[PDB]
Novice: 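There's a structure below that I have some questions on.
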Amino acid sequence: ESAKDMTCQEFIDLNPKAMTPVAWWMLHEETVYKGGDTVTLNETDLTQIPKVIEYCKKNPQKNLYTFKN
Amino acid sequence: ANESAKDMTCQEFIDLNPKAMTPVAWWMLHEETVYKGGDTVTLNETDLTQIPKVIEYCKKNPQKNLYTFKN
């Protein structure tokens with residue numbers, strides 16, 4: 001029941017108010033934080049999160065975390 | 001307007017895909033705070049104790065907003 005177990009279909013079906021935190025976590029957990037003094041969205045997220053959504057629409061059966069491959 | 005992560009109600013939180021609860025709670029607890037983690041972004045022991053308290057808070061107060069946990 002971890003985020004790494006979430007499918008792309010589950011991701012695109014999330015309450016919209018959950019999609020940004022979930023996408024952020026997938027993109028950033030277990031990576032170096034490069035975003036500055038405070039935790040915030042940054043331009044990388046502006047460009048990547050829409051790509052995650054599109055990737056998951058095209059590949060709903062794949063796990064969300066396969067975006068990183 | 002009413003569609004942002006900051007606007008999530010406690011009822012919405014307890015109704016989430018269970019796989020989303022930890023990332024949503026983490027973001028609520030950490031967004032806009034000073035980053036005090038190590039080299040990489042990981043859960044810490046404060047998250048271990050606080051995230052269950054977030055779940056309990058929203059179960060007890062479904063009418064309140066998630067982000068009011070911080071108050």
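Computed over heavy atoms, backbone and side chain alike; hydrogens, waters and symmetry mates excluded. Below, chains carry the letters A, B, ... as their sequence lines are ordered, and counting in each starts from 1.
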Novice: Using 30° and 60° as the class boundaries, would you call the ring planes of A:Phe67 and A:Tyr55 parallel, tilted or perpendicular?
Specialist: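 Rings of A:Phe67 and A:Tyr55: perpendicular, over 60°.
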Novice: Answer whether the closest heavy-atom distance between the side chains of A:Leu14 and A:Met6 falls below 4.5 Å.
Specialist: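 Of all side-chain heavy-atom pairs linking A:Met6 with A:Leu14, at least one is under 4.5 Å.
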Novice: For B:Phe13 and B:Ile55, work out which heavy atoms get closest and say how close.
Specialist: CE2-CG1, 3.8 Å
Novice: Give me each pair satisfying salt bridge (charged side-chain N to carboxylate O under 4.0 Å, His left out) with a member in residues 54-69 of chain A, each pair once, sequence neighbours excluded.
Specialist: A:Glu54-A:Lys58
Novice: Just grab all the disulfide (SG to SG under 2.5 Å) pairs involving residues 4-71 of chain B, residues at least two apart or on different chains.
Specialist: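 Listed once each, the pairs are B:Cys10-B:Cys58.
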Novice: Can you confirm whether the side chains of B:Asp7 and B:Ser4 place a donor and an acceptor under 3.5 Å from each other?
Specialist: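 Judged by distance alone, the side chains do pair up.
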Novice: Side-chain donor-acceptor contacts of residues 15-26 of chain A below 3.5 Å, not counting sequence neighbours, with atom names and distances?
Specialist:
| from | atom 1 | to | atom 2 | distance (Å) |
| --- | --- | --- | --- | --- |
| A:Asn15 | OD1 | A:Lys17 | N | 3.0 |
| A:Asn15 | ND2 | B:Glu12 | OE2 | 3.1 |
| A:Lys17 | NZ | B:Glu12 | OE1 | 3.1 |
| A:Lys17 | NZ | B:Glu12 | OE2 | 2.7 |
| A:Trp24 | NE1 | A:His28 | NE2 | 3.3 |

Novice: What distance do A:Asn59 atom CG and A:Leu64 atom CG have between them, rounded to the nearest 0.5 Å?
Specialist: 11.5 Å
Novice: Look up atom CD in B:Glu31 and atom CG in A:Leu41, then write down how far apart they are to the nearest 0.5 Å.
Specialist: 7.0 Å
Novice: With sequence neighbours excluded, tell me which residues meet side chain to side chain donor-acceptor pair (under 3.5 Å) with B:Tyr67.
Specialist: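 Per chain and number, B:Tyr67 pairs via side chain to side chain donor-acceptor pair (under 3.5 Å) with no residue.
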Novice: Quick test of your reading: applying side-chain hydrogen bond (donor to acceptor under 3.5 Å, both in side chains), list the pairs with at least one residue in residues 37-46 of chain B, sequence neighbours left out, ordered by first then second residue.
Specialist: none
Novice: For B:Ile51, which of B:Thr49, B:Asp47, B:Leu48 qualifies under side chain to side chain contact (heavy atoms under 4.5 Å, CB included)?
Specialist: B:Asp47
Novice: Applying side chain to side chain donor-acceptor pair (under 3.5 Å), can you list everything that pairs with B:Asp15, at least two apart in sequence or on another chain?
Specialist: B:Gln11
